[PDB]
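Asks: Enclosed is the structure file coords05.cif (mmCIF, C-alpha atoms).
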```cif
data_model
loop_
_atom_site.group_PDB
_atom_site.id
_atom_site.type_symbol
_atom_site.label_atom_id
_atom_site.label_comp_id
_atom_site.auth_asym_id
_atom_site.auth_seq_id
_atom_site.Cartn_x
_atom_site.Cartn_y
_atom_site.Cartn_z
ATOM 1 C CA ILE I 54 -76.187 10.820 26.541
ATOM 2 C CA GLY I 55 -75.164 13.902 28.511
ATOM 3 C CA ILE I 56 -71.489 14.218 27.496
ATOM 4 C CA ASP I 57 -70.142 16.083 24.474
ATOM 5 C CA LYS I 58 -67.488 14.687 22.149
ATOM 6 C CA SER I 59 -64.820 16.624 24.081
ATOM 7 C CA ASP I 60 -65.526 14.719 27.332
ATOM 8 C CA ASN I 61 -67.533 17.416 29.103
ATOM 9 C CA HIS I 62 -70.901 17.127 30.815
ATOM 10 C CA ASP I 63 -73.659 18.636 28.672
ATOM 11 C CA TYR I 64 -77.384 17.880 28.866
ATOM 12 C CA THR I 65 -77.895 18.455 25.113
ATOM 13 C CA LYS I 66 -75.220 16.176 23.630
ATOM 14 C CA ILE I 67 -74.956 12.490 22.728
ATOM 15 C CA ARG I 68 -71.549 10.894 22.140
ATOM 16 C CA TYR I 69 -72.397 8.484 19.317
ATOM 17 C CA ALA I 70 -69.525 6.487 17.864
ATOM 18 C CA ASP I 71 -68.747 6.831 14.164
ATOM 19 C CA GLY I 72 -65.887 5.328 12.192
ATOM 20 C CA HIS I 73 -62.872 5.772 14.465
ATOM 21 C CA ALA I 74 -63.667 9.047 16.272
ATOM 22 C CA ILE I 75 -66.438 10.255 18.555
ATOM 23 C CA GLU I 76 -69.100 12.606 17.188
ATOM 24 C CA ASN I 77 -71.753 14.897 18.672
ATOM 25 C CA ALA I 78 -75.476 14.489 17.977
ATOM 26 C CA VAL I 79 -78.273 16.776 19.135
ATOM 27 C CA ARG I 80 -79.971 15.259 22.172
ATOM 28 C CA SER I 81 -83.459 16.455 21.190
ATOM 29 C CA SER I 82 -83.495 13.812 18.423
ATOM 30 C CA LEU I 83 -84.016 10.886 20.830
ATOM 31 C CA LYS I 84 -87.111 8.815 20.020
ATOM 32 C CA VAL I 85 -87.154 5.774 22.304
ATOM 33 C CA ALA I 86 -90.479 4.330 21.165
ATOM 34 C CA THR I 87 -92.273 1.001 21.239
ATOM 35 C CA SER I 88 -95.482 0.590 19.204
ATOM 36 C CA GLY I 89 -96.505 3.855 20.854
ATOM 37 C CA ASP I 90 -94.137 6.665 21.840
ATOM 38 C CA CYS I 91 -92.241 6.378 25.111
ATOM 39 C CA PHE I 92 -92.028 9.496 27.280
ATOM 40 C CA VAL I 93 -88.302 9.558 28.011
ATOM 41 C CA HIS I 94 -88.145 10.361 31.729
ATOM 42 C CA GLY I 95 -84.453 11.282 31.833
ATOM 43 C CA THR I 96 -81.139 9.955 30.551
ATOM 44 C CA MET I 97 -77.500 9.768 31.576
ATOM 45 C CA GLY I 98 -74.542 7.879 30.177
ATOM 46 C CA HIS I 99 -75.604 4.665 28.458
ATOM 47 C CA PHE I 100 -79.038 4.325 30.076
ATOM 48 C CA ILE I 101 -82.328 5.831 28.925
ATOM 49 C CA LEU I 102 -85.474 5.738 31.062
ATOM 50 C CA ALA I 103 -88.820 5.140 29.373
ATOM 51 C CA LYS I 104 -92.501 4.579 30.163
ATOM 52 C CA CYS I 105 -93.502 2.895 26.930
ATOM 53 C CA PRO I 106 -97.063 1.665 26.348
ATOM 54 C CA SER K 1 -120.264 36.961 12.198
ATOM 55 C CA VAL K 2 -118.648 34.430 14.533
ATOM 56 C CA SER K 3 -117.805 37.338 16.846
ATOM 57 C CA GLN K 4 -121.470 37.239 17.870
ATOM 58 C CA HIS K 5 -121.053 33.597 18.899
ATOM 59 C CA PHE K 6 -118.015 34.629 20.972
ATOM 60 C CA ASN K 7 -119.861 37.491 22.699
ATOM 61 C CA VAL K 8 -120.415 35.128 25.646
ATOM 62 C CA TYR K 9 -116.756 34.354 26.371
ATOM 63 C CA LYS K 10 -115.836 37.994 27.064
ATOM 64 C CA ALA K 11 -116.692 37.329 30.736
ATOM 65 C CA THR K 12 -114.871 33.987 31.056
ATOM 66 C CA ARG K 13 -111.311 32.807 31.622
ATOM 67 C CA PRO K 14 -109.258 29.605 31.619
ATOM 68 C CA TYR K 15 -108.557 28.122 35.035
ATOM 69 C CA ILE K 16 -105.971 25.834 36.617
ATOM 70 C CA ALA K 17 -107.224 22.490 37.935
ATOM 71 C CA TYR K 18 -105.821 19.177 39.111
ATOM 72 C CA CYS K 19 -105.103 16.514 36.491
ATOM 73 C CA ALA K 20 -103.498 13.482 38.231
ATOM 74 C CA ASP K 21 -101.334 12.912 35.126
ATOM 75 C CA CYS K 22 -99.201 14.874 32.668
ATOM 76 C CA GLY K 23 -97.765 12.056 30.577
ATOM 77 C CA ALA K 24 -95.341 11.326 33.430
ATOM 78 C CA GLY K 25 -97.630 10.151 36.245
ATOM 79 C CA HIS K 26 -97.406 13.229 38.461
ATOM 80 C CA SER K 27 -99.627 15.834 40.069
ATOM 81 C CA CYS K 28 -99.930 18.764 37.673
ATOM 82 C CA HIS K 29 -102.210 21.672 38.550
ATOM 83 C CA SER K 30 -101.955 22.033 34.792
ATOM 84 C CA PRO K 31 -103.440 24.871 32.716
ATOM 85 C CA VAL K 32 -105.082 22.136 30.615
ATOM 86 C CA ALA K 33 -107.263 19.644 32.481
ATOM 87 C CA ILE K 34 -109.858 17.271 31.070
ATOM 88 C CA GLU K 35 -113.209 17.435 32.850
ATOM 89 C CA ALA K 36 -115.647 15.178 30.980
ATOM 90 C CA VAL K 37 -115.392 13.142 27.794
ATOM 91 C CA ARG K 38 -118.878 13.164 26.305
ATOM 92 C CA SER K 39 -119.028 10.451 23.641
ATOM 93 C CA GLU K 40 -122.690 10.446 22.631
ATOM 94 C CA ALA K 41 -122.609 10.296 18.810
ATOM 95 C CA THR K 42 -123.381 6.888 17.334
ATOM 96 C CA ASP K 43 -120.839 7.785 14.654
ATOM 97 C CA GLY K 44 -118.299 8.285 17.437
ATOM 98 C CA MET K 45 -116.777 11.722 17.959
ATOM 99 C CA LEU K 46 -115.637 12.801 21.409
ATOM 100 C CA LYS K 47 -116.418 16.213 22.915
ATOM 101 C CA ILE K 48 -113.416 16.624 25.196
ATOM 102 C CA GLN K 49 -114.043 19.516 27.586
ATOM 103 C CA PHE K 50 -110.900 20.919 29.186
ATOM 104 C CA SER K 51 -109.817 23.921 31.236
ATOM 105 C CA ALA K 52 -108.714 26.194 28.412
ATOM 106 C CA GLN K 53 -110.304 28.400 25.765
#
```
Can you present the structure in this file as structure tokens?

Replies:
Amino acid sequence: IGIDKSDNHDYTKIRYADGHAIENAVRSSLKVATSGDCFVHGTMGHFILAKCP
Amino acid sequence: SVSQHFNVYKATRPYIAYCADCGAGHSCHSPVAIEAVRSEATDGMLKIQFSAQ
């Protein structure tokens, strides 16, 4: 999270692997959620931060 | 009509008040601030009062 497919910092991109090539997914579609709904407190690289109930 | 019921609010305004939480555990001074939950119906139906109109 935070880097576009073209290897550039971007706070609205998520490099998600697919087949053999990297893709670009909209960041606003992140739903880290236990039974409730975690309030994602900030992300970077491979690590999300959550405050799940 | 209902405008008569709202004839009182013409001399009122929302206010900013402390919250102690905004879904992220932080001081807010938010435009929306709960003041008193007033559960008094045996059926059960809260009467959340908060700093907005």

Asks: Range 15-17 of chain K: which residues within 7 Å, counting only C-alpha atoms, same-chain residues fewer than 5 positions away excluded, as a list in words?

Replies: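 Contacts, in chain order: residues 29, 30, 31, 33, 51 and 52 of chain K.
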
Asks: Kindly give the distance, in Å, that separates CA of residue 101 in chain I and CA of residue 58 in chain I, rounded to a single decimal.

Replies: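 Here the two named atoms are 18.6 Å from each other.
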
Asks: Using all atoms listed in the file, I'd like every residue of chain I that has an atom within 10 Å of chain K; please write them out as a ChimeraX atom specification.

Replies: /I:91-94,103-104

Asks: Figure out the distance between CA of residue 68 in chain I and CA of residue 100 in chain I, please, to one decimal in Å.

Replies: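 Straight-line distance from CA of residue 100 in chain I to CA of residue 68 in chain I works out to 12.7 Å.
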
Asks: Can you list what the PyMOL selection byres ((chain I and resi 80) around 7) grabs from this structure, as a PyMOL selection string?

Replies: chain I and resi 65-67+78-79+81-83

Asks: Could you dump the residues just selected with C-alpha atoms as a PDB file, in the frame of the given file?

Replies:
```pdb
ATOM      1  CA  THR I  65     -77.895  18.455  25.113  1.00  0.00           C
ATOM      2  CA  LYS I  66     -75.220  16.176  23.630  1.00  0.00           C
ATOM      3  CA  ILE I  67     -74.956  12.490  22.728  1.00  0.00           C
ATOM      4  CA  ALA I  78     -75.476  14.489  17.977  1.00  0.00           C
ATOM      5  CA  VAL I  79     -78.273  16.776  19.135  1.00  0.00           C
ATOM      6  CA  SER I  81     -83.459  16.455  21.190  1.00  0.00           C
ATOM      7  CA  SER I  82     -83.495  13.812  18.423  1.00  0.00           C
ATOM      8  CA  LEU I  83     -84.016  10.886  20.830  1.00  0.00           C
TER       9      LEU I  83
END
```

Asks: What is the distance, in Å and to one decimal place, between CA of residue 28 in chain K and CA of residue 13 in chain K?

Replies: 19.1 Å

Asks: Using only C-alpha atoms, determine which residues lie at most 10 Å from residue 53 in chain K, disregarding the query and same-chain residues fewer than 4 positions distant; provide the list as a ChimeraX atom specification.

Replies: /K:9,12-15,32,49

Asks: Just to be explicit: take each residue in the selection above, keep C-alpha atoms, and write the result as a compact mmCIF listing (two decimals), in the frame of the given file.

Replies:
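Output (selection.txt):
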```txt
# COMPACT_ATOMS: atom_id res chain seq x y z
CA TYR K 9 -116.76 34.35 26.37
CA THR K 12 -114.87 33.99 31.06
CA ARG K 13 -111.31 32.81 31.62
CA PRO K 14 -109.26 29.60 31.62
CA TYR K 15 -108.56 28.12 35.03
CA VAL K 32 -105.08 22.14 30.62
CA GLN K 49 -114.04 19.52 27.59
```

Asks: Mind checking which residues fall within 9 Å of residue 90 in chain I, counting all atoms listed in the file, ignoring those fewer than 5 positions away in the same chain, and posting them as a list in words?

Replies: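 Residues meeting the cut-off are residues 84, 85, 104, 105 and 106 of chain I.
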
Asks: Give me the box for range 20-26 of chain K as AutoDock Vina command-line options, namely the centre and edge lengths in Å to one decimal of a box along x, y and z that holds every listed atom plus 8 Å on each side.

Replies:
```
--center_x -99.4 --center_y 12.5 --center_z 34.5 --size_x 24.2 --size_y 20.7 --size_z 23.9
```
